[PDB]
Each structure stands twice: as C-alpha cells, then as structure tokens.
Amino acid sequence: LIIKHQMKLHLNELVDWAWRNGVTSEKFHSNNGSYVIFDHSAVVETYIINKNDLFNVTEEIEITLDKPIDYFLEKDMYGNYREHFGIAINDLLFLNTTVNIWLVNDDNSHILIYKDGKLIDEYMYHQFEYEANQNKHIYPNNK
Amino acid sequence: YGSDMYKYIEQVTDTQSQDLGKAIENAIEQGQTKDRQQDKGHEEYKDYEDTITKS
C-alpha cells in the first residue's frame, strides 16, 4: 500500500526533508519563481529564496500493518475516536472493535487506510443493485 | 352600613397566591469499556536428597 501526499515546505523544511529522504539530483521550484538545486545530494544553487516561500513536494509513504505509523486516528464501532503516535496498526490492543483508521497527515488532512478489518486496498466497496437477470422480453412498439 | 364597614375601620389587607409548577427531566447515559490482560509465567526448580541406610 502506497499513500501519496502533497505538502508545502519552506526552505529549511525542504532541505531537511530532501536530506532525510535522499535525493540525488533534481531542482525544486517555489511560488515566487525561486528555486533550489540538489546535485549529488548537495545544494549547488539557490535563486533568491525569500522567506514564506512554499515549495510543493510530493511524498510517498508505505503503509503496512507491521510498519509503524507516525500519527494515525482510530474510530471504534460505538463512535469513540482516539489518536495514536508511533504505533503499528497490528500493535493496537483492541482491534476487535476498531472500525476505521485514518492517517493524520501533519496538514490536519485525513487519509483512510483501514476499513472494517482490512487495509483500504483489500476492501472492495460493494455497490448496490437490485438482484435480477436479463429481461429478455419482447415489448410492443409505439411507432 | 352593614358589617363590611369594619374591614375599612381597621386596615385589612387580603393577600392570595398560587404557584403551579411543572418539570420534566430526561437523561440518557451510554458507556463502553474495553479491557485487555496479558500475563507470563515461568518457574524452575531443583531437588537433591540422598538416603544412606544400615541394617
């Protein structure tokens, strides 16, 4: 399961993120036309990067019951909502009554990952339709 | 004339009242509880007894 999240980071946050999740050679742009360049994981060039400049960066997070999650939110069957930090989904003591689990994305956004005993990719989300076969009936025509 | 005059002779004040109250209180309480216990035990032992007899 791969979750893609787009975020907006200032220069300091962008540098920290890029060095934390290794980037070899690529250029990041900002709103005001300012850009920064990483080449072999080194900040070669910056072009007039004022403060309050937001660099938009997409981030890929692998979600798995064994792998711990930074910050997620769980909802039981009755209605109680709770939040957990740094705990794998399988680690929860009470998964019997856990109905939903979202991932809090540091932007206060919410991404569903766990729905009714399964990861969101495994769940199939059945639609609705009345049960019936083909009509296969000849009708009179009005012409 | 008549008896009613005495009421005016000595200042008489008749006071009445009536309070009629109604009150309905409805309370709904719901509660959920979840417990989980996990225990581990382990015990080990050793014994030695030597008996020597003469007859």
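Residues numbered from 1 in each chain as written, not as in the entry; some residues may be left out. Chains lettered and ligands numbered in written order. Part of a larger assembly, values for the part shown. Heavy atoms only, no water.

Per the deposited record, determination of this structure is attributed to cryo-EM, with the resolution reported as 3.58 Å.

### Considerations on the environment of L92 of chain A
Residue and element names in this part refer to chain A. Inspection of the secondary structure puts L92 in the loop between β7 (81-88) and β8 (98-104). Among the residues examined, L92 registers a relative accessible area of 9% and is labelled buried. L92 sits 10 residues away from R82 along the chain, and the two C-alpha atoms are 11 Å apart. Those residues in contact with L92 that lie beyond four places of it in its chain are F72, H84, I87 and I101. (Helix = DSSP H or I, 4+ residues; strand = E, 2+ residues; numbered from the N terminus. Buried < 20%, exposed > 50% of the residue type's maximum accessible area, 1.4 Å probe, protein only. Contact = heavy atoms within 4.5 Å.)

### Let's talk about the nonpolar core
Residues and elements named next belong to chain A. Counting 13 residues, the largest nonpolar core has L9, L14, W17, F28, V36, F38 and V57 as the members making the most contacts within it. Mapped onto this core, the elements with two or more residues apiece are β1 (2-9), α1 (11-20), β3 (35-39) and β5 (55-62). For this core, the element with the highest residue contribution is α1, accounting for four residues. Once you skip the residues sitting within four places of it in the chain, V57 turns out to touch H5, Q6, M7, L9, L14, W17 and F28. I3, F72, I89 and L92 belong to the second-largest nonpolar core, a separate cluster that totals 11 residues. (Core = buried A, V, L, I, M, F, W, Y, C linked by side-chain atoms within 4.5 Å.)

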